[PDB]
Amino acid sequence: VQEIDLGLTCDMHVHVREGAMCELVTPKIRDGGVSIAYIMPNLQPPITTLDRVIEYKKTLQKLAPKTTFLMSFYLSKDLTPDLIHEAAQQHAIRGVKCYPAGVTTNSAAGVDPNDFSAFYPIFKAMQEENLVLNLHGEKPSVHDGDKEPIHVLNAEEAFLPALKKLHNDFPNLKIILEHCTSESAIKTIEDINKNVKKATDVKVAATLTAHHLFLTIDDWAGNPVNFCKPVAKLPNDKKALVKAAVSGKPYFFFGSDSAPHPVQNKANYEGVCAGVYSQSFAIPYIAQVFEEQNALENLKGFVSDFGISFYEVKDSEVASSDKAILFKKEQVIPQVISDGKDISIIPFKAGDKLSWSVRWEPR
């Protein structure tokens, strides 16, 4: 009977794919309790053109008229400063997402994070247009050479100097280290923000997923359903992520990285697709964590206030003014989420009970 008014919830890291998969998952954004979604661009082929980002958003708006969609480009050599200015002036994108080549789904067309200088004309134009630079901050793996080996466990830590250099060279660019998974990165974000007093001072933030608040290496060792990028790491990393999430600091906010794959793309003996599907119960998953940490009073900031502030979402842009209301009615996560045709997805924590449910209230 207990209720929590979360206002206009934000999930600032969403994958919704194309085709029938997109038709299945895009309505689940609302169902999971999320009013505003930042849409990632790693389609096959990636979103690097204006007409395609415009059509994609309209496709999503058609599937979910009440959901507010913030769009992005895929960082590529095909981008030009002129296209960035055009797209921004037309309100076609709110940011550009960087995938290092080879580290995750549809990242083959991505960048080498040692030569970020080649994209400085893009970053310079983004800075002028007040667009957000989103980073999948992992260095590609390297096991030889003069230098310390890079592997799936330290690839995020190895990326942190690139983050600092970018922030140094573009001090007015808004940058997000997406889905932080390590204690090292959490401290780097806090240290970057030492001189910050009010939320609007934040230039560099980090998003935290639902699943990295629960998972450890043991949970995906032998369970491809829990396998994602960046990989879930050690218990002390999980502890640092949970403390960051409930900290009340304005530079940590929710981005699910809900990444749907059909079940047959997870049940492979080689080349398992990375990604965990959390859209259907996004806010209830987070509520579980905030309850367990006795920190429900900080929930609204993490899943609403801080993301709205960082992305500067105006009320004149929101597709619906309905507020997400959390109510303490227990539910069971289904075993599968299916369109009743050719697509079955295994949802995060399939079979488990959640203490909270979410509904929508006008006004």
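One-based numbering along the sequence shown. We call the rigid core whatever largest set of C-alpha positions still superposes within 1.5 Å between the two forms.
Student: Superpose by the rigid core: which stretch, 185-193 or 144-152, shows more Cα shift in 6 other deposited structures of this protein?
Tutor: Taking the RMS over all superposed structures in 6 other deposited structures of this protein, 144-152 lies farther out.
Student: Quick one: higher average CA temperature factor, 294-302 or 36-44?
Tutor: Taking the mean B-factor of the alpha carbons in each, 294-302 is higher.
Student: Using only the Cα atoms and their B-factors as the entry lists them, report which of 285-293 and 253-261 averages higher.
Tutor: Looking at the record's C-alpha B-factors, the answer is 285-293.
Student: Say you rank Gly110, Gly95, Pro230, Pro224 by Cα B-factor from the PDB entry; which sits at the top?
Tutor: The listed residue with the largest C-alpha B-factor is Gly110.
Student: Among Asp342, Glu23, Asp352, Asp11, where is the Cα B factor highest in this entry?
Tutor: The listed residue with the largest C-alpha B-factor is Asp342.
Student: Test of reading the entry: by CA B factor among the chain's modelled residues, which third contains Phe327?
Tutor: As the PDB entry reports it, the C-alpha B-factor of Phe327 lands in the highest third of its chain.
Student: Mind checking which third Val103 falls in for C-alpha B-factor across the chain?
Tutor: For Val103, whose C-alpha B-factor we compare with every modelled residue in the chain, the answer is the highest third.
Student: Lowest, middle or highest third: where is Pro171 by C-alpha B factor in its chain?
Tutor: Its C-alpha B-factor belongs to the highest third of this chain's values.
Student: Tell me, lowest, middle or highest third: where does the Cα B factor of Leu213 rank within its chain?
Tutor: As the PDB entry reports it, the C-alpha B-factor of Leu213 lands in the lowest third of its chain.
Student: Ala185's Cα B-factor: lowest, middle or highest third of the chain?
Tutor: It falls in the bottom third of the chain.
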